[PDB]
Structure formats: C-alpha cells, structure tokens
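Peer 1: What follows is input.txt; its format and atoms are compact mmCIF, C-alpha atoms.
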```
# COMPACT_ATOMS: atom_id res chain seq x y z
CA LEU A 1 29.08 -10.49 -15.12
CA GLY A 2 29.58 -11.02 -18.85
CA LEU A 3 31.00 -13.34 -21.43
CA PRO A 4 34.69 -12.76 -22.23
CA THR A 5 34.04 -12.56 -25.99
CA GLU A 6 32.64 -9.58 -27.85
CA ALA A 7 32.47 -9.94 -31.63
CA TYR A 8 32.51 -7.29 -34.34
CA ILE A 9 32.25 -7.14 -38.13
CA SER A 10 33.23 -4.27 -40.42
CA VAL A 11 30.51 -2.38 -42.27
CA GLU A 12 30.78 0.60 -44.62
CA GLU A 13 27.42 1.84 -45.85
CA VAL A 14 25.72 5.12 -46.65
CA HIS A 15 24.02 6.06 -43.41
CA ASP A 16 20.28 6.56 -43.73
CA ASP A 17 20.37 9.70 -41.57
CA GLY A 18 22.85 11.49 -43.82
CA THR A 19 25.73 11.62 -41.36
CA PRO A 20 29.20 11.34 -42.92
CA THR A 21 30.17 7.72 -43.46
CA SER A 22 33.34 6.05 -42.21
CA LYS A 23 34.50 2.47 -41.86
CA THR A 24 33.49 1.35 -38.36
CA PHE A 25 32.61 -1.86 -36.55
CA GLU A 26 29.21 -3.39 -35.83
CA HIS A 27 28.30 -5.85 -33.11
CA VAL A 28 27.59 -9.52 -33.81
CA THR A 29 25.99 -11.61 -31.09
CA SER A 30 28.44 -13.91 -29.33
CA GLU A 31 28.04 -17.07 -27.29
CA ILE A 32 30.19 -19.79 -25.73
CA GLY A 33 29.39 -23.36 -26.68
CA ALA A 34 31.31 -26.60 -26.83
CA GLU A 35 31.47 -29.91 -28.62
CA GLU A 36 31.12 -33.00 -26.45
CA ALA A 37 34.84 -33.70 -26.84
CA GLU A 38 35.44 -30.38 -25.06
CA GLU A 39 32.67 -30.75 -22.50
CA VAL A 40 34.37 -33.94 -21.31
CA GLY A 41 37.45 -31.81 -20.68
CA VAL A 42 35.92 -28.70 -19.15
CA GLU A 43 33.83 -30.83 -16.81
CA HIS A 44 36.87 -32.73 -15.58
CA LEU A 45 38.95 -29.59 -15.13
CA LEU A 46 36.17 -27.81 -13.21
CA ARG A 47 34.89 -30.78 -11.19
CA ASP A 48 36.67 -29.49 -8.09
CA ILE A 49 34.88 -26.12 -8.00
CA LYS A 50 31.79 -27.15 -9.92
CA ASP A 51 28.25 -26.07 -9.09
CA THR A 52 25.62 -28.81 -8.84
CA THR A 53 23.68 -29.06 -12.09
CA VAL A 54 20.40 -29.07 -10.16
CA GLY A 55 18.35 -26.43 -8.44
CA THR A 56 19.07 -26.46 -4.75
CA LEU A 57 16.84 -23.80 -3.25
CA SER A 58 19.89 -21.94 -1.95
CA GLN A 59 21.43 -22.02 -5.41
CA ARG A 60 18.23 -20.73 -7.01
CA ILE A 61 17.94 -17.84 -4.57
CA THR A 62 21.60 -17.14 -5.30
CA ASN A 63 20.81 -17.14 -9.01
CA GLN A 64 18.06 -14.58 -8.51
CA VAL A 65 20.32 -12.36 -6.42
CA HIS A 66 22.95 -12.55 -9.16
CA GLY A 67 20.29 -11.69 -11.70
CA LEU A 68 19.48 -8.55 -9.75
CA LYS A 69 23.20 -7.76 -9.60
CA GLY A 70 23.40 -7.99 -13.36
CA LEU A 71 20.29 -5.94 -13.99
CA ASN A 72 21.68 -3.21 -11.77
CA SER A 73 25.01 -3.26 -13.60
CA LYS A 74 23.34 -2.98 -17.00
CA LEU A 75 21.06 -0.16 -15.86
CA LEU A 76 24.06 1.73 -14.50
CA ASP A 77 25.80 1.32 -17.85
CA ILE A 78 22.77 2.65 -19.71
CA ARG A 79 22.49 5.60 -17.34
CA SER A 80 26.16 6.48 -17.67
CA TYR A 81 25.90 6.41 -21.45
CA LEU A 82 22.76 8.52 -21.43
CA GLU A 83 24.37 11.05 -19.10
CA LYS A 84 27.39 11.31 -21.37
CA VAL A 85 25.12 11.74 -24.39
CA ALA A 86 23.02 14.42 -22.72
CA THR A 87 25.99 16.42 -21.46
CA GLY A 88 27.45 16.05 -24.95
CA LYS A 89 30.73 14.20 -24.44
CA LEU A 90 29.41 11.60 -26.90
CA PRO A 91 27.35 11.82 -30.09
CA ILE A 92 23.84 10.42 -30.24
CA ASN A 93 23.45 6.87 -31.58
CA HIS A 94 19.98 6.52 -33.04
CA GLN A 95 20.13 2.73 -32.79
CA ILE A 96 20.79 2.90 -29.04
CA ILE A 97 18.06 5.48 -28.49
CA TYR A 98 15.66 3.31 -30.50
CA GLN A 99 16.40 0.26 -28.38
CA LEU A 100 16.12 2.17 -25.11
CA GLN A 101 12.78 3.73 -25.93
CA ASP A 102 11.57 0.30 -27.04
CA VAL A 103 12.62 -1.08 -23.65
CA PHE A 104 10.61 1.63 -21.92
CA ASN A 105 7.79 0.83 -24.32
CA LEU A 106 7.93 -2.77 -23.10
CA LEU A 107 7.87 -1.97 -19.37
CA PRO A 108 4.79 -3.65 -17.85
CA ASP A 109 2.07 -2.37 -15.53
CA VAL A 110 1.35 -3.96 -12.16
CA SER A 111 -1.19 -1.58 -10.64
CA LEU A 112 -3.70 -2.80 -13.24
CA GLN A 113 -6.48 -4.66 -11.48
CA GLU A 114 -6.94 -7.72 -13.64
CA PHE A 115 -3.24 -8.39 -13.20
CA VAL A 116 -3.20 -8.03 -9.42
CA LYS A 117 -6.13 -10.44 -9.32
CA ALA A 118 -4.33 -13.01 -11.46
CA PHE A 119 -1.11 -12.63 -9.50
CA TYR A 120 -2.90 -13.20 -6.21
CA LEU A 121 -4.73 -16.20 -7.65
CA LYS A 122 -1.61 -17.99 -8.81
CA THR A 123 0.37 -17.01 -5.72
CA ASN A 124 -2.35 -18.67 -3.66
CA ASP A 125 -2.29 -21.80 -5.81
CA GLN A 126 1.47 -22.08 -5.49
CA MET A 127 1.24 -21.64 -1.75
CA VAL A 128 -1.42 -24.34 -1.44
CA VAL A 129 1.06 -26.70 -3.04
CA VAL A 130 3.71 -25.41 -0.62
CA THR B 1 5.45 10.74 -23.41
CA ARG B 2 2.99 8.92 -21.15
CA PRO B 3 4.51 6.04 -19.11
CA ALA B 4 3.02 2.57 -18.99
CA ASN B 5 1.40 3.10 -15.59
CA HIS B 6 -1.35 5.22 -17.16
CA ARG B 7 -0.81 4.76 -20.87
CA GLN B 8 -4.60 4.50 -21.21
CA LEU B 9 -5.45 7.36 -23.56
CA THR B 10 -8.94 8.82 -23.33
CA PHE B 11 -10.87 9.99 -26.37
CA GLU B 12 -11.41 13.36 -24.74
CA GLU B 13 -7.64 13.58 -24.26
CA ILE B 14 -7.05 12.89 -27.95
CA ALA B 15 -9.69 15.44 -28.95
CA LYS B 16 -8.19 18.15 -26.74
CA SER B 17 -4.98 17.19 -28.51
CA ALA B 18 -5.03 17.22 -32.32
CA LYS B 19 -8.24 19.08 -32.99
CA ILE B 20 -10.89 16.54 -33.96
CA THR B 21 -14.28 16.00 -32.36
CA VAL B 22 -14.76 12.63 -30.71
CA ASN B 23 -16.45 10.62 -33.41
CA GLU B 24 -13.42 10.19 -35.69
CA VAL B 25 -10.77 9.68 -33.03
CA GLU B 26 -11.77 6.08 -33.64
CA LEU B 27 -10.70 6.47 -37.27
CA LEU B 28 -7.52 8.30 -36.28
CA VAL B 29 -6.51 5.45 -33.98
CA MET B 30 -7.62 3.02 -36.70
CA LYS B 31 -5.24 4.57 -39.21
CA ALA B 32 -2.49 4.86 -36.60
CA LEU B 33 -2.71 1.14 -35.92
CA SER B 34 -3.06 0.24 -39.60
CA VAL B 35 0.05 2.15 -40.67
CA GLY B 36 2.02 0.20 -38.06
CA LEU B 37 2.88 3.20 -35.89
CA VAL B 38 1.06 2.36 -32.63
CA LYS B 39 -0.01 -1.09 -31.44
CA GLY B 40 -2.75 -1.75 -28.95
CA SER B 41 -6.53 -1.72 -28.86
CA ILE B 42 -9.59 0.52 -28.60
CA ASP B 43 -12.11 -0.03 -25.80
CA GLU B 44 -14.81 2.47 -26.71
CA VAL B 45 -17.54 1.38 -24.30
CA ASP B 46 -15.67 3.42 -21.69
CA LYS B 47 -14.03 5.55 -24.41
CA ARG B 48 -10.37 4.65 -23.95
CA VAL B 49 -7.41 3.57 -26.07
CA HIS B 50 -4.90 1.07 -24.70
CA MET B 51 -1.67 1.91 -26.48
CA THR B 52 0.76 -0.93 -25.88
CA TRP B 53 3.43 0.32 -28.27
CA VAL B 54 4.78 3.26 -30.25
CA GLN B 55 6.93 3.67 -33.32
CA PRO B 56 10.32 4.56 -31.79
CA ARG B 57 11.73 7.73 -33.32
CA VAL B 58 14.73 10.05 -33.10
CA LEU B 59 14.60 12.16 -29.95
CA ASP B 60 16.19 15.36 -28.67
CA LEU B 61 18.71 15.94 -25.91
CA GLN B 62 15.96 17.03 -23.52
CA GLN B 63 14.05 13.81 -24.15
CA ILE B 64 17.21 11.77 -23.60
CA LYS B 65 17.67 13.56 -20.27
CA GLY B 66 14.13 12.58 -19.38
CA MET B 67 15.00 8.97 -20.13
CA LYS B 68 18.14 9.28 -18.01
CA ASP B 69 16.10 10.50 -15.05
CA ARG B 70 13.70 7.58 -15.43
CA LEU B 71 16.63 5.15 -15.58
CA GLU B 72 17.92 6.69 -12.35
CA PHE B 73 14.64 6.05 -10.57
CA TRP B 74 14.48 2.52 -11.96
CA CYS B 75 18.03 1.81 -10.79
CA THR B 76 17.18 3.05 -7.31
CA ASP B 77 14.26 0.63 -7.16
CA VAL B 78 16.36 -2.28 -8.41
CA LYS B 79 19.15 -1.63 -5.92
CA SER B 80 16.67 -1.36 -3.06
CA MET B 81 15.13 -4.75 -3.79
CA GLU B 82 18.61 -6.18 -4.38
CA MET B 83 19.77 -5.11 -0.93
CA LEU B 84 16.57 -6.30 0.74
CA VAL B 85 16.81 -9.80 -0.70
CA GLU B 86 20.53 -10.19 -0.09
CA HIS B 87 20.13 -9.02 3.51
CA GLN B 88 17.18 -11.31 4.25
CA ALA B 89 18.69 -14.40 2.60
CA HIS B 90 22.22 -14.04 3.95
CA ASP B 91 22.35 -17.59 5.30
CA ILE B 92 21.29 -19.49 2.16
CA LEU B 93 23.47 -17.87 -0.51
CA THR B 94 26.05 -20.40 -1.68
CA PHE C 1 -11.84 -5.42 50.87
CA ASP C 2 -8.73 -6.29 52.89
CA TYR C 3 -9.19 -6.18 56.68
CA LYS C 4 -12.57 -7.85 56.43
CA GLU C 5 -12.49 -10.00 59.56
CA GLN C 6 -11.21 -7.25 61.84
CA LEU C 7 -13.08 -4.31 60.35
CA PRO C 8 -16.71 -3.86 61.41
CA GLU C 9 -19.23 -3.56 58.61
CA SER C 10 -19.43 0.05 57.43
CA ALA C 11 -22.91 0.93 56.19
CA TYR C 12 -21.36 4.19 54.93
CA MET C 13 -19.29 2.32 52.34
CA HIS C 14 -21.43 1.31 49.37
CA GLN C 15 -21.92 5.00 48.59
CA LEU C 16 -18.24 5.59 47.88
CA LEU C 17 -17.87 2.16 46.29
CA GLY C 18 -20.63 2.75 43.76
CA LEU C 19 -19.41 6.30 43.26
CA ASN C 20 -16.06 4.75 42.31
CA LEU C 21 -17.83 2.49 39.85
CA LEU C 22 -19.50 5.57 38.39
CA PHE C 23 -16.10 7.22 38.10
CA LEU C 24 -14.73 4.26 36.18
CA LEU C 25 -17.66 4.40 33.78
CA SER C 26 -17.08 8.15 33.51
CA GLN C 27 -13.51 7.61 32.36
CA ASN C 28 -14.54 4.75 30.09
CA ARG C 29 -12.51 2.18 32.06
CA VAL C 30 -14.86 -0.70 31.36
CA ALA C 31 -12.22 -3.35 32.06
CA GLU C 32 -11.49 -2.04 35.54
CA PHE C 33 -15.21 -1.49 36.04
CA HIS C 34 -16.03 -5.14 35.55
CA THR C 35 -13.00 -6.22 37.58
CA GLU C 36 -14.29 -4.25 40.57
CA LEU C 37 -17.82 -5.55 40.03
CA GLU C 38 -16.41 -9.06 40.21
CA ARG C 39 -14.58 -8.11 43.40
CA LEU C 40 -17.91 -7.03 44.87
CA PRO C 41 -20.15 -9.73 46.38
CA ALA C 42 -22.92 -11.22 44.29
CA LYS C 43 -26.00 -10.05 46.20
CA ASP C 44 -25.04 -6.37 46.30
CA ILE C 45 -25.34 -6.20 42.51
CA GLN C 46 -29.09 -6.85 42.72
CA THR C 47 -29.97 -5.66 46.25
CA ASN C 48 -28.35 -2.30 47.00
CA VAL C 49 -29.41 0.83 45.15
CA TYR C 50 -26.12 2.71 45.45
CA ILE C 51 -24.37 -0.01 43.45
CA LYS C 52 -27.32 -1.04 41.28
CA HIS C 53 -27.56 2.41 39.73
CA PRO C 54 -23.97 2.49 38.33
CA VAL C 55 -24.46 -1.14 37.31
CA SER C 56 -27.65 -0.13 35.53
CA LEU C 57 -25.91 2.74 33.75
CA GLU C 58 -23.09 0.51 32.53
CA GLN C 59 -25.49 -2.19 31.39
CA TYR C 60 -27.52 0.34 29.43
CA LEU C 61 -24.41 1.93 27.93
CA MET C 62 -23.11 -1.42 26.72
CA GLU C 63 -26.50 -2.41 25.28
CA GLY C 64 -26.72 0.90 23.44
CA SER C 65 -29.85 2.34 25.08
CA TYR C 66 -28.28 5.76 25.33
CA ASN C 67 -31.75 7.23 25.77
CA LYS C 68 -32.18 5.20 28.95
CA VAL C 69 -28.69 6.26 30.04
CA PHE C 70 -29.73 9.90 29.68
CA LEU C 71 -33.14 9.41 31.31
CA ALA C 72 -31.35 7.90 34.31
CA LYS C 73 -29.93 11.37 35.05
CA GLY C 74 -32.75 12.27 37.41
CA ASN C 75 -32.55 8.85 39.07
CA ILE C 76 -29.58 9.17 41.43
CA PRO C 77 -29.59 7.45 44.86
CA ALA C 78 -27.51 10.22 46.47
CA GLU C 79 -26.44 13.66 45.30
CA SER C 80 -22.82 12.63 45.85
CA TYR C 81 -23.06 10.92 42.46
CA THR C 82 -22.23 14.23 40.80
CA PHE C 83 -19.67 15.53 38.30
CA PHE C 84 -19.25 11.94 37.20
CA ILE C 85 -22.69 12.06 35.64
CA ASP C 86 -21.31 15.07 33.76
CA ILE C 87 -18.05 13.39 32.77
CA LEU C 88 -20.25 10.43 31.80
CA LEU C 89 -22.33 12.58 29.48
CA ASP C 90 -19.10 13.81 27.91
CA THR C 91 -17.81 10.25 27.49
CA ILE C 92 -21.17 9.15 26.09
CA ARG C 93 -20.93 11.89 23.49
CA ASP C 94 -17.44 10.67 22.62
CA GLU C 95 -18.69 7.09 22.23
CA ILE C 96 -21.63 8.21 20.09
CA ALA C 97 -19.04 9.94 17.95
CA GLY C 98 -16.96 6.77 17.76
CA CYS C 99 -20.02 5.03 16.38
CA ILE C 100 -20.78 7.82 13.90
CA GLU C 101 -17.33 8.03 12.34
CA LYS C 102 -16.71 4.28 12.37
CA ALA C 103 -19.95 3.18 10.67
CA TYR C 104 -22.16 5.70 8.87
CA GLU C 105 -22.19 7.25 5.41
CA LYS C 106 -23.16 10.88 6.03
CA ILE C 107 -25.29 12.70 8.61
CA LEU C 108 -26.79 16.08 7.79
CA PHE C 109 -26.83 18.98 10.25
CA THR C 110 -30.36 18.51 11.57
CA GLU C 111 -29.91 14.77 12.01
CA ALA C 112 -26.54 15.27 13.70
CA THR C 113 -28.21 17.62 16.17
CA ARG C 114 -31.00 15.09 16.70
CA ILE C 115 -28.68 12.12 17.25
CA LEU C 116 -25.78 13.67 19.15
CA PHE C 117 -27.48 15.31 22.11
CA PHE C 118 -25.35 18.43 21.63
CA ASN C 119 -25.55 21.64 23.64
CA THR C 120 -27.90 24.42 22.48
CA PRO C 121 -28.15 24.59 18.66
CA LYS C 122 -25.74 27.54 18.52
CA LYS C 123 -23.02 25.47 20.21
CA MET C 124 -24.20 22.41 18.24
CA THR C 125 -21.10 23.21 16.19
CA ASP C 126 -19.36 21.62 19.18
CA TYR C 127 -17.55 18.30 18.64
CA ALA C 128 -17.09 19.40 15.03
CA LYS C 129 -15.15 22.39 16.26
CA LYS C 130 -13.40 19.79 18.44
CA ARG C 131 -13.15 16.42 16.67
CA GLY C 132 -13.70 17.66 13.13
CA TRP C 133 -14.34 14.57 11.01
CA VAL C 134 -13.13 16.48 7.93
CA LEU C 135 -16.57 18.09 7.94
CA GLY C 136 -17.64 20.62 5.35
CA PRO C 137 -18.50 18.96 2.03
CA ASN C 138 -21.77 20.21 0.57
CA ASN C 139 -23.73 20.81 3.76
CA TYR C 140 -21.29 21.59 6.57
CA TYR C 141 -22.57 18.40 8.23
CA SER C 142 -21.78 16.07 5.36
CA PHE C 143 -19.72 14.00 7.83
CA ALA C 144 -17.04 13.51 5.14
CA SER C 145 -17.35 9.72 5.37
CA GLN C 146 -14.21 8.34 7.04
CA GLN C 147 -14.42 5.00 5.25
CA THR C 148 -5.02 -3.23 -4.73
CA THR C 149 -1.21 -2.96 -4.97
CA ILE C 150 0.83 -6.14 -4.65
CA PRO C 151 2.76 -6.26 -1.36
CA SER C 152 5.75 -7.59 -3.24
CA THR C 153 8.27 -6.74 -0.53
CA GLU C 154 6.34 -8.44 2.26
CA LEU C 155 5.60 -11.53 0.17
CA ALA C 156 9.28 -11.74 -0.73
CA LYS C 157 10.17 -11.56 2.95
CA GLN C 158 7.79 -14.38 3.82
CA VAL C 159 8.85 -16.65 0.96
CA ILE C 160 12.52 -16.09 1.77
CA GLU C 161 11.61 -17.03 5.34
CA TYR C 162 10.15 -20.33 4.13
CA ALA C 163 13.32 -20.99 2.17
CA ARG C 164 15.48 -20.09 5.14
CA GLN C 165 13.74 -22.47 7.53
CA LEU C 166 13.73 -25.20 4.88
CA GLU C 167 17.42 -24.95 3.95
CA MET C 168 18.97 -24.28 7.36
CA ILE C 169 20.38 -27.45 8.93
CA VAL C 170 18.40 -28.47 12.01
```
What would the structure in this file look like if it were written as structure tokens?

Peer 2:
Amino acid sequence: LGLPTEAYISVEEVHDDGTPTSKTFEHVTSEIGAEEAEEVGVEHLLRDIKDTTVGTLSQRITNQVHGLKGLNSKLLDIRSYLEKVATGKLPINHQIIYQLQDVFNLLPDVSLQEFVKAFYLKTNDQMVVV
Amino acid sequence: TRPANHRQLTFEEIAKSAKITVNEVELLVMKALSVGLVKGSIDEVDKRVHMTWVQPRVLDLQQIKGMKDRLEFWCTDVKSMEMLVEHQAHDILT
Amino acid sequence: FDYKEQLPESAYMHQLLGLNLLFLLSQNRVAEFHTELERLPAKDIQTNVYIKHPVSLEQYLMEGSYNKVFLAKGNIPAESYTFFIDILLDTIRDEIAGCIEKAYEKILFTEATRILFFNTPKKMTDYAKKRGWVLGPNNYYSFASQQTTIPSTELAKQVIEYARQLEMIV
C-alpha cells in the first residue's frame, strides 16, 4: 500500500502549548525517484512483470479499486488512532487533530442541487460521447 | 459542530446563539471572515451563511470520540462501495 | 361456444351470457370482459338488449360518464342482473377513488360528498374509514395530497457493465 521509505528529522523546540519538551523526531515527506541511468536498469529488471504504461480499461478499473483499498486502509488507521486517543492509551497530538478536523472541514456536499444538476449534465455529455 | 451536509447557517440560528438581533449578524460574520477564522460567504437575500471552513482548534476527548464515530460511518460507506465495485467488475481486474 | 353445430340454439342463453359480462365488469376484469365480447358474434353487440346493456355500462365506465353509469341502474333488461349492479357500484366507487388519489390536490368534505356518491351523509365517512388517504389535515377532508440524490450505485453498476462488455473477449 505504501512507499518503503519514511523519513524523519530531529527537532528540539519549546512547544507552543507548554508541554514539556524533549528531543523527538518529525516527519519529512518522502518519495521515490530515479535518474535515467537507473530507469534504464529498473525497466529492464522489471520488464518481465511490468504493467503496460497505458490505460487499458481493465487496468484503470483496477486502479480505482486499489484506490478504494488504500482509502479504506488509511481510514482504518485514523480510526484506530482516534480510538486509542479517546480511550487514553495515547496522548493527544494537536497537529493530528488539526489535520483531521481540516479533512472533515474539506468534505464536500453532494445533496446540494446545483451540484446534482451539474453532475447529471456532464454525465450525460460523457455518455453521448460513449 | 455542524457537518457539511447542512453547514448552511441561518441568521435566526446565529441570533438564537450568541445573543444579537439579526441586523448585526452580518457584521459578526464580516468580522469572523476578516480575522481569518471562518471562510465562506453570506447570502442574505434568503438570510443564510455558507460556511465553507473553520479555524481548526484544540478539542476535547468527547469531541475526538465524535470524530471517531464519524470516521466509523465513513469507513463503512467506503467498504460497501469497495465490495460492490470489486464484485461487479470481477472479470476485468488485471 | 363449443358444441355449436350439434347444440340447438338456446334463446335462454344471452341472459346468462350478458349477466356474466356484468359480473366481469363488477369485478373490474376489463381484459377478460373484452376477450369475451370478442368471442361473442358481431351482431349481438348491437342487436340484443341483454348483451347491449352490459356493453353500454362498460362503454360508459371507460368513457368516464359515471353519471350515466348510475342512471342506468333503473334500466335493466331482466331482474336477474342483480347483486352485480351492487358490486358494480362498489367497484365504481373504488375507481372514483383511484382517480381522486392519483390526480387531485385536495377535496373538501362537501365536495367529496358531492363527487363520491357516498352513502347517507352520516356514513359519508365511509371510504375514509376504509381507504384513508392520510385524511385529516385542516378540514378532515383535506385529502392529504398523495403526490434529487445521485444514484451513484446504479450508475456505477451500468458503467461497469459497459466496461465489462467492452473488455470481455468475444
């Protein structure tokens, strides 16, 4: 489901909330990328079990199913952490609570009429092309 | 507290909340938006406030439990659609 | 209708045949009614009285001239045509209902009594005590008129079906 690399950097700083300070790690975003001299190698090594670099409808539906898999996994992780926090086995992390309530903030609305209208309109256009 | 489904806040609702008559709820929402606390818009022909955002703050354990319950419901929905699609597309998953 | 060649003509037949037609109309079996009319010969529809009367009642009931249907009560070729006139009045009341709850907005008490030819005013409560179209609002005969979310799941099913028939090998 995830990249094999998770990256951290050490930060000691007076916490703004006044909780006692100790030397602990902080996350730094990670990615996997390659120079061309290494793409020529990874491509050759993986050519046997490669996936076509083009959207075959089956592959795209597979991609969406995998996306749902991943969304479920992440939501389960968030729920487990929140349950632990509520029952008290873990302390509260204000950064995590901030991000979660911002996610909920960003949830969209679909029952709104001038969105159902637009969705139907563009669905119909797409299906005329189909 | 209000979820996005009906996050439309009515002026009468605001007035029944913090006690101000409804001719300066416009100014209250004005200052709220100006300070950067709540984003959105005011549609006062029908007397409503579309809040599209809120200054995230530090919550309590009860509020975190509320969020956990909402995550549970959301996960149930996601898993249901996940199963439906995977069951109806079983023959075209590579 | 079967042993026609052998059987001698029975003048005492159209009575029961038309009475059967009346029974079909009584139990609202319009399909069977017209099937049996078709079975009948052509002339009898316009010549005989015993058959013409049930034919007339059905024609009126389909047109919607319920007043003519009622006024036909006195006009009965033979008294045998009985108890099916009564079941027919009951079925007519049911059909009038059907109309009322399918396409109206609200009918007050006096107008309901006027339209639905109920029993005496005291029993006029009938068919509301029986069918009960959620009556009650404001005036008890407010008729409670018996008159937007994306079907995401169904659309997903159909689109996946397109993909399935497009990607399967055949």

Peer 1: Show me, as CSV, the residues of chain C having an atom within 9 Å of chain B, each with the closest atom pair and its distance in Å, using all atoms listed in the file.

Peer 2:
```
residue,atom,partner,partner_atom,distance
C:153,CA,B:81,CA,7.9
C:156,CA,B:85,CA,7.8
C:157,CA,B:88,CA,7.1
C:160,CA,B:89,CA,6.5
C:161,CA,B:89,CA,8.0
C:163,CA,B:92,CA,8.1
C:164,CA,B:92,CA,6.6
C:167,CA,B:92,CA,6.9
C:168,CA,B:92,CA,7.4
```

Peer 1: Between CA of residue 57 (chain C) and CA of residue 22 (chain C), what is the distance, to one decimal in Å?

Peer 2: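 Result for CA of residue 57 (chain C) versus CA of residue 22 (chain C): 8.4 Å, one decimal.
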
Peer 1: Which residue out of C:119, C:158, C:110, C:149 has the minimum interatomic distance to chain A when all atoms listed in the file are used?

Peer 2: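 Nearest to chain A: C:149.
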
Peer 1: Excluding region 30-39 of chain B and its own-chain neighbours fewer than 2 positions away, which residues fall within 12 Å of it when counting all atoms listed in the file? Please give them as a PyMOL selection string.

Peer 2: (chain A and resi 105-106) or (chain B and resi 24-28+41-42+49-57)

Peer 1: In Å to one decimal, how far is CA of residue 70 (chain A) from CA of residue 53 (chain A)?

Peer 2: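 Going from CA of residue 53 (chain A) over to CA of residue 70 (chain A), I get 21.1 Å.
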
Peer 1: Under the rule that all atoms listed in the file are counted, which of B:65, B:2, B:87, B:70 is the nearest residue to chain A?

Peer 2: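 When distances to chain A are compared using all atoms listed in the file, the smallest one comes from B:65.
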
Peer 1: Quick one: distance from CA of residue 116 (chain A) to CA of residue 148 (chain C) in Å, one decimal?

Peer 2: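 Taking CA of residue 116 (chain A) and CA of residue 148 (chain C), their separation equals 7.0 Å.
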
Peer 1: Could you list, as an mmCIF file with C-alpha atoms, keeping the file's coordinate frame, every residue of chain A that has an atom within 9 Å of an atom of chain B, counting only C-alpha atoms?

Peer 2:
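Saved to part-v1.cif:
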```cif
data_model
loop_
_atom_site.group_PDB
_atom_site.id
_atom_site.type_symbol
_atom_site.label_atom_id
_atom_site.label_comp_id
_atom_site.auth_asym_id
_atom_site.auth_seq_id
_atom_site.Cartn_x
_atom_site.Cartn_y
_atom_site.Cartn_z
ATOM 1 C CA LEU A 57 16.840 -23.800 -3.250
ATOM 2 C CA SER A 58 19.890 -21.940 -1.950
ATOM 3 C CA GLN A 59 21.430 -22.020 -5.410
ATOM 4 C CA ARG A 60 18.230 -20.730 -7.010
ATOM 5 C CA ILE A 61 17.940 -17.840 -4.570
ATOM 6 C CA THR A 62 21.600 -17.140 -5.300
ATOM 7 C CA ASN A 63 20.810 -17.140 -9.010
ATOM 8 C CA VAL A 65 20.320 -12.360 -6.420
ATOM 9 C CA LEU A 68 19.480 -8.550 -9.750
ATOM 10 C CA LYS A 69 23.200 -7.760 -9.600
ATOM 11 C CA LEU A 71 20.290 -5.940 -13.990
ATOM 12 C CA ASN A 72 21.680 -3.210 -11.770
ATOM 13 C CA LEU A 75 21.060 -0.160 -15.860
ATOM 14 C CA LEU A 76 24.060 1.730 -14.500
ATOM 15 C CA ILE A 78 22.770 2.650 -19.710
ATOM 16 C CA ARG A 79 22.490 5.600 -17.340
ATOM 17 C CA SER A 80 26.160 6.480 -17.670
ATOM 18 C CA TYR A 81 25.900 6.410 -21.450
ATOM 19 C CA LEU A 82 22.760 8.520 -21.430
ATOM 20 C CA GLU A 83 24.370 11.050 -19.100
ATOM 21 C CA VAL A 85 25.120 11.740 -24.390
ATOM 22 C CA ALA A 86 23.020 14.420 -22.720
ATOM 23 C CA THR A 87 25.990 16.420 -21.460
ATOM 24 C CA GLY A 88 27.450 16.050 -24.950
ATOM 25 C CA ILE A 92 23.840 10.420 -30.240
ATOM 26 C CA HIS A 94 19.980 6.520 -33.040
ATOM 27 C CA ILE A 97 18.060 5.480 -28.490
ATOM 28 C CA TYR A 98 15.660 3.310 -30.500
ATOM 29 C CA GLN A 99 16.400 0.260 -28.380
ATOM 30 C CA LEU A 100 16.120 2.170 -25.110
ATOM 31 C CA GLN A 101 12.780 3.730 -25.930
ATOM 32 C CA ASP A 102 11.570 0.300 -27.040
ATOM 33 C CA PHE A 104 10.610 1.630 -21.920
ATOM 34 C CA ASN A 105 7.790 0.830 -24.320
ATOM 35 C CA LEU A 106 7.930 -2.770 -23.100
ATOM 36 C CA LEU A 107 7.870 -1.970 -19.370
ATOM 37 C CA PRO A 108 4.790 -3.650 -17.850
ATOM 38 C CA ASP A 109 2.070 -2.370 -15.530
ATOM 39 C CA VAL A 110 1.350 -3.960 -12.160
ATOM 40 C CA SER A 111 -1.190 -1.580 -10.640
ATOM 41 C CA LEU A 112 -3.700 -2.800 -13.240
#
```

Peer 1: Please work out which residues fall within 12 Å of (-25.1, 17.7, 17.5), coordinates as given in the file, with all atoms listed in the file counting, and return them as an NGL selection string.

Peer 2: :C and (93-94 or 96-97 or 100 or 107-130 or 141 or 143)

Peer 1: Of the candidates A:56, A:91, A:125, A:6, which one gets nearest to chain C if we count all atoms listed in the file?

Peer 2: A:56

Peer 1: From the set A:29, A:113, A:93, A:124, which residue has the shortest atom-to-atom contact distance to chain C, counting all atoms listed in the file?

Peer 2: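 With all atoms listed in the file as the atom set, the closest residue is A:113.
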
Peer 1: Name all residues at most 9 Å from residue 87 (chain C) (count all atoms listed in the file; drop same-chain ones fewer than 6 positions away) and give them as a PDB file with C-alpha atoms, keeping the file's coordinate frame.

Peer 2:
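And here's around-v3.pdb as it stands now:
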```pdb
ATOM      1  CA  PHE C  23     -16.100   7.220  38.100  1.00  0.00           C
ATOM      2  CA  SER C  26     -17.080   8.150  33.510  1.00  0.00           C
ATOM      3  CA  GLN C  27     -13.510   7.610  32.360  1.00  0.00           C
TER       4      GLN C  27
END
```

Peer 1: Looking at A:28, A:128, A:119, A:2, which one is nearest to chain C, with distances taken over all atoms listed in the file?

Peer 2: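 Answer, going by the shortest atom-to-atom distance: A:119.
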
Peer 1: With all atoms listed in the file as the basis for distance, which of A:52, A:22, A:126, A:10 is at the shortest distance from chain C?

Peer 2: A:126

Peer 1: Need to verify the contact set: residue 48 (chain B), 10 Å, all atoms listed in the file, exclusion of same-chain residues closer than 6 positions in sequence. Can you return it as a ChimeraX atom specification?

Peer 2: /B:8-14,26,41-42
